[PDB]
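**Q** Dropping the structure in here first, questions after.
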Ligand SMILES: *[C@@H]1O[C@H](CO)[C@@H](O[C@@H]2O[C@H](CO)[C@@H](O[C@@H]3O[C@H](CO[C@H]4O[C@H](CO)[C@@H](O)[C@H](O[C@H]5O[C@H](CO)[C@@H](O)[C@H](O)[C@@H]5O[C@H]5O[C@H](CO)[C@@H](O)[C@H](O)[C@@H]5O)[C@@H]4O)[C@@H](O)[C@H](O[C@H]4O[C@H](CO)[C@@H](O)[C@H](O)[C@@H]4O[C@H]4O[C@H](CO)[C@@H](O)[C@H](O)[C@@H]4O)[C@@H]3O)[C@H](O)[C@H]2NC(C)=O)[C@H](O)[C@H]1NC(C)=O
Ligand SMILES: Cc1cc(OCc2n[nH]c(=O)n2C)c(-c2cc(C(N)=O)ccc2OC(F)(F)F)cc1Cl
Ligand SMILES: [Ca+2]
Ligand SMILES: [Cl-]
Ligand SMILES: [K+]
Ligand code: NA
Ligand SMILES: [Zn+2]
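In PDB author numbering, the protein residues as written are 51 to 463, 468 to 573, 576 to 861.
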């Protein structure tokens, strides 16, 4: 109940919420059905529109007008935004030459440059180029400030998950807004875009920017605008707040536009109907900048022009129906559209089985336009699993398509020509970022980056300490003229042991055999030098990785590779090697096919054994440093050390062998040498974070050899490919992957074919940032380079996406 009989007189868009059932005048009041009786009359005036005209100049103040052109309006802070242009002979901001803002030029009483976040829904990255002729205000912000060619949203590429990621710096799995629609089984409650229930505090995790600000003594404007407050009124409200007395005035503000998304759904991303919404958004930016110019704030405020996601061509005819796959279609609940989430219709139905649902959805039709996954098997780069609101069964839907339960769902719900929500690496889902103001750089282009990084920067812009989040703070320092955040490298927690030869061959009873008893002082000194690290500079190019947790591990040196060998997990945490452009690929000699050799530096007790693999009828093994790339017949024996062996399903060995035999040399040819670091990952609870040993769910049968859930590789070379990887003077170039360690290749519909037709495609799908691997392993890479730490942080957040231009 609201007692709507109070009044909004002098309270319009008040900043604190009043306690029920006293009537409200804040911007959420409409959403709650709780505004005072006179809120429309007082707070949503429209009389005479939004622009001054020559005849209104110097008018007698009429309180009924939407905005004012009377002489007193500047000090009231409520002129129409074009007031100074129409009445005082001033230019529009867009018509002024771009002039570098080296320092904040702020009115007296401003303690910091305010931040205004101008957020646009459905604003696809390519609109910046393709709509440039009709967006002069946005184009000026872009060319004069700092801009990226695009900004990567989070998955799913929907509005609420992305805007709340902007607010918090968190993946949706951590902040809890995992879709525009959700069921939480603990709450037994459902989240819907319609109504006030979505406002319930239990949906919203993390700490959004307006709460971070408030907790630290920085005042915030309210970020949510009810759909029926027109854009011109949103801008006027922000401008009015900016005229409050110092002690009352916020320092951070947000504007939101539901365009171009709304029209993009109806017309498609490039429908001829899209020109007008683009022009209208630009006019709104123009109103804001003119308004700031009037308030002498246009060289004081930092403006962020940012989108939530793009927009793809999607029509009713491109819908896959689960009723064409599943016999049991009525025992499932589907969250449909550009992604699929499936769960049981009734928890009382004990005949429901995810395994048979997945199999019925796997590679069933030749050009099938979705792929089913258990959520833990989704590409780790999506970070889309660790939340009870994310259903165990997920459908990744191809761009341009939908999935629905039954045909009747599509015509009893063609309307739409555009949609979004797909994989966040898809070109059409990319969105925009521009920063303009004293704290941003002047006329500067920066590489694409992920929207999870922005919260930290917004906190920097406001002098706030960010709450713990998924950005990598310092990775966007290159966007900023000042206020950069200068992190220190994390401290190494565990120091390695450097074992020498400590065991005789006969102390090992591992059930391994090798045909290696084939027998020189010249070359004997060499083998010793190699085991002491003489080639380490070639193979460990950026320092050894730091181990950031407590554990027991050994550094092992070899001619062709170096490794950090875990005595706890019985295998390397990492294996580092360099392959030059000139390197030759060789085969595994016939006599060495099943060769595994005890490592006399490492105790039998801390070694794997061959017998476990023989007895485990499902599990085989592979090698982290590939025998195919040995530098010489003699160095090849090192590759068969038991300390280089890792457990691998035969199905996965197909993938791994093709990567190691073919693709590594391909990359070294293409990139002018590569340095490779490879290793295992254990993430049995799918939280994106390294497992402790007590979290491991599967071992090689009859042993304490843990089975990895994933294998990673980090492949580094010189950004200037005229220099070889091992003699690189400047910036680095990286690509990485985190491949799922699966007992079948059901994910790859073409897997019965030669590896050349499917393996690299699988690897591309599982592309990763170095930072993702850091989370998953508790390792810290690139500790010793000649590069600045912030540059390395940027490198660690890089994702090679494989999309075209
Ligand atoms: C991305 O960045 C984020 C933020 O840094 C990273 O997430 C952090 O990861 C930490 C490790 O997973 C985690 O730390 C835990 O916090 C527990 C306290 O949790 C509450 O308090 C915080 C702080 O205010 C709050 O933010 C939390 O918010 C979560 O939960 C609410 C609802 O419950 C949601 O609204 C919200 O969205 C968020 O949910 C997300 O995280 C939780 C996990 O907390 C998931 O379950 C959800 O799916 C969702 O993703 C909480 O309100 C603390 O109690 C934990 O301590 C346990 O474990 C330690 C191990 O050191 C052990 O010593 C303790 O004894 C304790 O174990 C006991 O309980 C166990 C479980 O019941 C039991 O098994 C044991 O036997 C013990 O009895 C733990 O320290 C931190 O909460 C989150 N923070 C956030 C905001 O998500 C994230 O990892 C980054 N991602 C990547 C890939 O890097
Ligand atoms: C730029 C930006 C815009 C935001 O809403 C813009 C908006 N106004 N009107 C409309 O429909 N939307 C989406 C929100 C946002 C704020 C709140 C809050 N309580 O203040 C709640 C929910 C919100 O949005 C979300 F859930 F999508 F995050 C957060 C940021 Cl960072
Ligand atoms: Ca884990
Ligand atoms: Cl959704
Ligand atoms: K086996
Ligand atoms: Na297959
Ligand atoms: Zn939309």
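Beta carbons are placed, not taken as given, at the ideal position from N, Cα and C, and that holds for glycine.
Could you name the residues of the same chain whose beta carbon sits closer than 8 Å to that of residue 381, not counting the 5 residues immediately before and after it, in chain order?
**A** Excluding residues within five positions, the ones whose Cβ falls inside 8 Å are 394, 395, 396, 399, 401, 402.
**Q** With contact counted as at least three CB pairs below 8 Å, one residue from each stretch, are the stretch 363-376 and the stretch 410-418 in contact?
**A** Yes, the stretch 363-376 is in contact with the stretch 410-418.
**Q** Can you tell me whether DSSP reads residue 595 as helix, strand or coil?
**A** DSSP places residue 595 in helix when its eight states are reduced to three.
**Q** From the DSSP output, read off the bridge partner residues of residue 543.
**A** In the DSSP output, where bridge partners are listed per residue, residue 543 has none listed.
**Q** Any residues whose CB sits closer than 5 Å to a heavy atom of ligand 4? List them in chain order?
**A** So the residues near ligand 4 by this Cβ test are 229, 230, 231.
**Q** Is residue 221 near ligand 5, in the sense that its beta carbon is under 7 Å from a heavy atom of that ligand?
**A** No; taking the cut-off as 7 Å, the Cβ of residue 221 has no heavy atom of ligand 5 nearer than that.
**Q** Rounded to whole angstroms, what is the Cα-Cα separation between residue 110 and residue 164?
**A** Cα to Cα, residue 110 sits roughly 32 Å from residue 164.
**Q** My output table needs one value for residue 404: the three-state DSSP class, helix, strand or coil.
**A** Helix, per DSSP.
**Q** In angstroms, rounded to a whole number, what distance separates the CA positions of residue 385 and residue 770?
**A** Taking the straight line joining both Cα atoms gives about 35 Å.
**Q** According to the neighbour-count rule (16 or more other Cβ atoms, all chains shown, within 10 Å of its Cβ), is residue 406 buried or exposed?
**A** Exposed, since its Cβ has fewer than 16 Cβ neighbours within 10 Å.
**Q** Counting Cβ pairs, one atom from each stretch, are 3 or more of them under 8 Å apart for the stretch 128-137 and the stretch 330-341?
**A** Yes: the two stretches touch, three or more of their Cβ pairs being nearer than 8 Å.
**Q** Starting from the N-terminal side, write out each stretch of the alpha helix (DSSP H) that is 4 residues or longer and does not extend beyond the stretch 707-755.
**A** You should have 720-727.
**Q** Alpha carbon to alpha carbon, what distance is there between residue 336 and residue 717?
**A** The straight-line gap from Cα to Cα measures roughly 57 Å.
**Q** In whole angstroms, what separates the C-alpha of residue 311 from that of residue 493?
**A** Whole-angstrom Cα-Cα distance: 30 Å.
**Q** Can you tell me where the beta strand (DSSP E) holding residue 772 begins and where it ends?
**A** Here the beta strand (DSSP E) through residue 772 covers 766-774.
**Q** Using DSSP bridges, identify the partner residues of residue 85.
**A** The partner list for residue 85 (beta bridge, DSSP) reads 74.
**Q** Check each candidate in 479, 89, 176 and name the one with the smallest Cα separation from residue 279.
**A** Cα-wise, what sits closest to residue 279 is 89.
**Q** Have a look at residue 754 and residue 747 and give me their C-alpha separation to the nearest angstrom.
**A** Using only the alpha carbons, I get a separation of about 12 Å.
**Q** Out of 235, 313, 347, 247, which one is the CA nearest neighbour of residue 288?
**A** Checked all of 235, 313, 347, 247; the closest Cα to residue 288 is 347.
**Q** With respect to the alpha helix (DSSP H) encompassing residue 224, which residues constitute its N-terminal and C-terminal limits?
**A** 222-225 is the span of the alpha helix (DSSP H), which, as asked, contains residue 224.
**Q** Would you report the Cα separation of residue 227 and residue 253, rounded to the nearest angstrom?
**A** Taking the straight line joining both Cα atoms gives about 7 Å.
**Q** Would you be able to state if there are at least three C-beta pairs under 8 Å between the stretch 736-751 and the stretch 432-452?
**A** Counting Cβ pairs under 8 Å, three or more are found: they touch.
**Q** Leaving out the 5 sequence neighbours to the left and right, which residues in its chain are closer than 7 Å to residue 651 when beta-carbon positions are compared?
**A** Only 568, 569, 570, 696 meet the Cβ criterion.
**Q** So, with DSSP's three-state summary, where would you put residue 681?
**A** Three-state DSSP puts residue 681 in coil, outside helix and strand.
**Q** Based on the DSSP output, what are the partners of residue 166 in its beta bridges?
**A** Paired residues: 303, 353.
**Q** For residue 424, which residues does DSSP report across the bridge?
**A** The partner list for residue 424 (beta bridge, DSSP) reads 443.
**Q** Residue 620 lies in the beta strand (DSSP E); which residues open and close that run?
**A** Element bounds for residue 620: 618-622.
**Q** Three Cβ pairs or more, each shorter than 8 Å: is that satisfied between the stretch 725-733 and the stretch 414-428?
**A** The stretch 725-733 vs the stretch 414-428: no contact.
**Q** What number of angstroms, rounded off, separates the C-alpha of residue 829 from the C-alpha of residue 530?
**A** Taking the straight line joining both Cα atoms gives about 20 Å.
**Q** For the beta strand (DSSP E) that contains residue 635, what are its first and last residues?
**A** Looking at the DSSP string, the run of the beta strand (DSSP E) that includes residue 635 is 627-635.
**Q** Please return the same chain residues whose Cβ sits closer than 7 Å to the Cβ of residue 236, not counting the five positions on each side in sequence.
**A** Only 438 meet the Cβ criterion.
**Q** Might you give, ordered along the chain, the residues of its own chain that have their beta carbon closer than 8 Å to the beta carbon of residue 63, omitting 5 neighbours on each side?
**A** Taken in chain order, the residues that qualify are 75, 76, 77, 93, 272, 287, 290, 291.
**Q** Kindly provide the chain-ordered list of residues whose Cβ lies closer than 5 Å to any non-hydrogen atom of ligand 3.
**A** Residues with a Cβ closer than 5 Å to any heavy atom of ligand 3, in chain order: 739, 741, 743, 745, 747.
**Q** Residue 795 to residue 822, Cα distance in whole Å?
**A** Distance between the alpha carbons of residue 795 and residue 822: 6 Å.
**Q** What is the rounded straight-line gap between the Cα of residue 296 and the Cα of residue 121?
**A** The straight-line gap from Cα to Cα measures roughly 23 Å.
**Q** Could you check where the alpha helix (DSSP H) with residue 532 kicks off and where it finishes?
**A** First-last for residue 532: undefined, no H or E at that position.
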